[PDB]
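Take a look at the structure set out below.
Protein chains in written order, with the entry's author numbering: chain V, 1759 to 1814, 1867 to 2436, 2492 to 2549; chain Y, 880 to 903, 933 to 967; chain C, 8 to 324; chain H, 1261 to 1583.
Okay, structure coming up:
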């Protein structure tokens, strides 16, 4: 494979070699794994070649026959490899799911899949539960029935690993997904019928907590005002307004809903009446009364919003305040080996974080007696974060397996993520952590140093900075950096640390975690790493990244304020490390991590392809663009170039040290740094 | 006994230090509080440290 | 200003264009230029009006009249304007911006829209017009030199060095040697093939001069074509004799003391009419008139609140 | 309220550990008695009975007193601290004073100005002597930030190696390469960093340029032994025996014996081992190896017991600071 490569002559020879290897040793995991991987790659190569040739009747039938001939051995080998490995079968399981969803509609392939499912153990599918649930509504009924049967089996054993995603799918806007989710849930109820109801009520009440009616009205009025005044989209304005009134038609259910109705609902109904009069007549004087009422109630709720510092359960949702000693386990805490930690009680008070999105701070009490804090995110998808967390788990496992990485104690800090809806969801709250921006601000306030000193110097030297050309921006940025001492982070690390013995360990952990996360983010194409988006632990010192909204070079692609920085390595972090700079722990740790990942490129590639080819996450790609298949293929090819090292120069393959050196030079380059948005804090 | 200890250590083999690893506030008070508040804090901490255990039976 | 045979216009981030006097060094008048700074100042060969390149707008100010409003404000552009050219006829004005689209402007025509568009991949950093008035040199942030023919549109793309942003490129009036300079600080020199009708214009790499260690800003040949001044972020303007490409005179504005950081960049170069003197702009807010042979500040221009980023010079009679 | 303070400061008549311990106790008790804060002063009676009470409250009492002092008694106290640190240095008092200095550094008051530069060099020396390597690394990094010197880089590499941070030492070496060129980089840096190939190249070039010297030749021999090229090591040993002084002879003897053992020349092995001093762990080890080769089992067992007796001290010293 290394020398000849992949082509028509190579495949039979490599296949016969691996088949002989399997024959001489049945029990060897590596032989079966390599055999299955080779067959899968052969299938992909044949599909790509036929796509390139025929598209650009009989040939289609011949291709189908060849693919069917190569598919079944791949499936059987993957199942056997899963059985043998027993613990590190995530890559093989995901390959199984890919083959199942791509070619399972064929009766022979489906028979192979059902035979493997019968042969394989149930516990393995806990890793790929989300990938299974991503394809609940597959148009092919043959695959769908097997998926539903497998999910019924999963509900039978370890039901806790399936309740949350089933509950999320049940409330889906599309009819087929929610229908199949309810069809699985009715079968699951005959087992317990209690876990399902508890999950349903918890999900509904948590969704109610995450987004309140007044907040929904606030955002809807913002969107409607924008549409009407900028785009003159009256029809779109009405379309945005109507679901809020439809939700009003349900009527109040809690004390907060009753108070909100008594306050605003009469004005809202009057404005809706005016809108209906406008719809039946078409008069500006009819719509202006509704607009005046909307703006009045909008001003009232805007004034009210800052006063909403904290939320109590008794007003927002007494249903949760009623909950006691539920069998329902803490979200993101169930483990097939560990004892189930079911929820004991919910704290009556939720401290809403005063942010743009206003996330709540929910804290649960477990059956074991340990608090579990969570953040209630509103109007933002978490499935992307779920896949990111799964990838981080795989990376942690790979780093644990490696001897050198384990020796250096390299790991990615990860927090439990539990989606609840397309807009709302649950995030595990990591303790003893705070954003880099907060630490910088606190240190500068303590030292009486102006918080925005660098930007102020830039504006003083050049008031037209944003409109300067590239070289002028470079000159201004260099002048600002030179006239500022960028040792704030290291100084505050030394001051915060109790003793130098703890200080050095914290600095070492910070350096190693930062290097690991930088390399992983570059491979993942994670962007928008502004100082508020990454948090520093105050005890271990490990760097933690959150808000994985932008992925796969989205920041580079977007035309407004594009980012040329693969990963944040600004001079503040550089000074925070050893006095020597990046050449010490950081660069060597990056070498080790890149070597480990390039060694295991297959597993990370499979995990990435799983949720890149996922239809539920292709909307981000379409928003990035300006079809779907070419975009996903290009993204996967870019990831492949990153892993192999052919990203910088397609013709020339790059070794790990040179690739890391180029990454560091690019990330630390002043020319690439000054293109960043000011809020990204390049000077920091 | 020193010879026996060294001999048994050698017989057991030089364990890899990582294998050994896997086999197994007052300054913060200064950093947080000002001096006027720090002095009672550290004083109370030390007095509590003495307060526990049998050294109390003497002090 | 216009009546004076010597015109020296200086402008920067202070939104003002100041016309000093070479004999005295006194700011004759200032012109307001709001909404942005200026990226390039150029005097038309006719000397009727000067041209100031800013951000998203191209302004032209009268040279004879005093305190005029912007005569022509060519709008419809974005992503700054890197530099501006001018046909010797005075009919066509050549511009390039960071939108990776060079544009050609007909001054005589009243149409606001440009006439010819040459689009490339990377943002354009410099544009230089060949003395033959038939070929246009276009730079880019990827370092690929484009030789856009004004008659056949046959652009030849040459990249002296991969993945280095080219900053400036100029050709001597005799069309003997062409110098190009990138952010690395190297001075790439191309011998020009004697082809006008043939349009061969083959570039023969003669010498890659390590002109500067840091970012190099701008290069330009002397009218005698024997001297080559080279600016950079090193605060040093280096003068190379064309025959030998050796540093005959280095114009530096360093403090002469280690206890001084970031004095200010130097991106100004203008030979005198007889190459005896040289005008240099810099970020120190102080343009300086140097002596070529000795290397001393014959006259110094001061009064700019913010950094000086452009210049204008014309000794045409 | 500074008379007994001055008497405790300018005593400098301690010739034993207990004398300095009693001096520290008296200083702490006087600080508690003279403490401006009543809460600290109330603990003086308890600290008299219980030493750890005084020890834990030492930093706060020192901070309060130093705030009280009007910049002259501060100078006297600083001079006394310098005298105590430099002269008759004792590990317990040294660590207590280092903890006090760190506590002052954390405080908003500022580091204690000791013999200028806040005594960074002295604090680093004391931290290295007392095996508090984290403080030594911090102070050496601060001294580096003040100004980088090749000696500072050497000390930093030594500290990192003593702190089990090979990557940090490699980064220091990379910085040295980038900034100081090559001449300033001694091969000892690679030797400590275990960059044996680079150390060998540096030794080869220095021996080619500079006339052959015992130190460079010994370093090259050490690099060869670490690499394991026994043939070249034995060639060098045989070539230079009579041209070698007795001190350099004994220093060679261990590596020469190792090379002979690697090559199996037992006659040369015996010749070299006889040159190795008996009071070295390696000497006893190689004598025992020779006894095993000659089947002198009783003498071999005796020599192994002697080697254990010698290694007692080394193991005790190393095991004191981590495994």
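Using N, Cα and C, we set each Cβ at its ideal position, and we do this for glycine too.
Own chain partners of residue i with C-beta closer than 6 Å, once the 5 adjacent residues on each side are dropped
i	result
residue 2512/V	2506
residue 1416/H	1400, 1432
residue 1518/H	1485
residue 2233/V	2189
residue 20/C	44, 313, 314
residue 97/C	51, 52, 53
Bridge partner(s) assigned by DSSP for residue i
i	result
residue 153/C	145/C, 164/C
residue 2347/V	2243/V
residue 38/C	24/C
residue 125/C	109/C
residue 2161/V	2120/V
residue 254/C	247/C
residue 197/C	185/C, 212/C
residue 286/C	277/C, 296/C
residue 135/C	144/C
Element boundaries [alpha helix (DSSP H), containing residue i]
i	result
residue 1527/H	1526-1535
residue 1490/H	1490-1499
residue 212/C	Taken as a continuous stretch (DSSP letters only), residue 212/C belongs to no alpha helix (DSSP H), being part of the beta strand (DSSP E) at 210-216.
residue 1440/H	1426-1440
residue 186/C	Here residue 186/C belongs to no alpha helix (DSSP H); instead the beta strand (DSSP E) covers 184-189.
Cut-off 8 Å between Cβ atoms - residues of its own chain near residue i, not counting five sequence neighbours on either side
i	result
residue 1993/V	1958
residue 2218/V	2322, 2399, 2402
residue 1482/H	1451, 1515
Nonlocal neighbours in the same chain, by C-beta distance under 7 Å from residue i, ignoring five residues either side
i	result
residue 2005/V	1969, 1973, 2137, 2138
residue 1560/H	1548, 1551, 1552
residue 2227/V	2142, 2192, 2195, 2196, 2199, 2237, 2238
residue 1936/V	1968, 1971, 2146
residue 1881/V	1801, 1909, 1913, 1919
Element boundaries [beta strand (DSSP E), containing residue i]
i	result
residue 175/C	173-178
residue 321/C	319-321
residue 227/C	226-228
Inset, instruction - Select from the region 2522-2543 of chain V all residues with a C-beta closer than 8 Å to any C-beta belonging to chain C, and list them in chain order. - result: 2536
Legend entry - the region 2342-2349 of chain V touching the region 2408-2417 of chain V, judged by at least three CB pairs closer than 8 Å: no
Legend entry - Near-chain V residues of the region 168-188 of chain C - C-beta to any C-beta below 9 Å: 169, 170, 172, 174
Inset, instruction - Mind the definition here: the region 2143-2161 of chain V touches the region 1982-1989 of chain V only if three or more C-beta pairs lie below 8 Å; say whether that holds. - result: Touching, no, given that fewer than three Cβ pairs across the two stretches are closer than 8 Å.
Legend entry - the region 2298-2306 of chain V contacting the region 881-896 of chain Y, beta-carbon criterion three pairs below 8 Å: no
Legend entry - Positions along the region 1377-1410 of chain H whose CB lies within less than 7 Å of some CB in chain V: 1394, 1395, 1397, 1398, 1401, 1404, 1405
Inset, instruction - Check whether the region 1539-1553 of chain H touches the region 2519-2535 of chain V, taking contact to mean three or more Cβ pairs, one atom from each stretch, closer than 8 Å. - result: no
Inset, instruction - Answer yes if the region 74-91 of chain C comes into contact with the region 119-128 of chain C, meaning at least three C-beta pairs across the two stretches below 8 Å, and no otherwise. - result: Counting Cβ pairs under 8 Å, three or more are found: they touch.
Legend entry - Meets three-Cβ-pair contact criterion under 8 Å: the region 224-244 of chain C and the region 200-211 of chain C: The region 224-244 of chain C is not in contact with the region 200-211 of chain C.
Legend entry - Chain-ordered residues of the region 2384-2408 of chain V with a beta carbon less than 7 Å from chain H: 2388, 2389, 2390, 2391, 2393, 2394, 2395, 2398
Legend entry - the region 1423-1432 of chain H touching the region 2385-2393 of chain V, judged by at least three CB pairs closer than 8 Å: yes
Inset, instruction - With 8 Å as the limit, tell me which residues of the region 1422-1443 of chain H have their beta carbon closer than that to any beta carbon of chain V; keep them in chain order. - result: 1423, 1425, 1427, 1428, 1430, 1431, 1432, 1434, 1435, 1438
Legend entry - Near-chain H residues of the region 886-903 of chain Y - C-beta to any C-beta below 9 Å: 886, 888, 889, 894, 896, 899, 900
Inset, instruction - Kindly confirm or deny that the region 2313-2322 of chain V and the region 2357-2365 of chain V touch, where touching means at least three C-beta pairs closer than 8 Å. - result: no
Legend entry - Short-range partners of chain C found in the region 2274-2307 of chain V, where Cβ spacing is below 8 Å: 2274, 2277, 2278, 2279, 2280, 2281, 2282, 2284, 2285, 2288, 2289, 2292, 2293
Inset, instruction - Could you name the residues of the region 1321-1355 of chain H whose beta carbon sits closer than 8 Å to any beta carbon of chain Y, in the order they occur along the chain? - result: 1323, 1324, 1327
Inset, instruction - Would you list, in chain order, the members of the region 2308-2341 of chain V that have their beta-carbon closer than 9 Å to a beta-carbon of chain Y? - result: 2308, 2309
Inset, instruction - Could you name the residues of the region 2256-2275 of chain V whose beta carbon sits closer than 8 Å to any beta carbon of chain C, in the order they occur along the chain? - result: 2271, 2272, 2273, 2274
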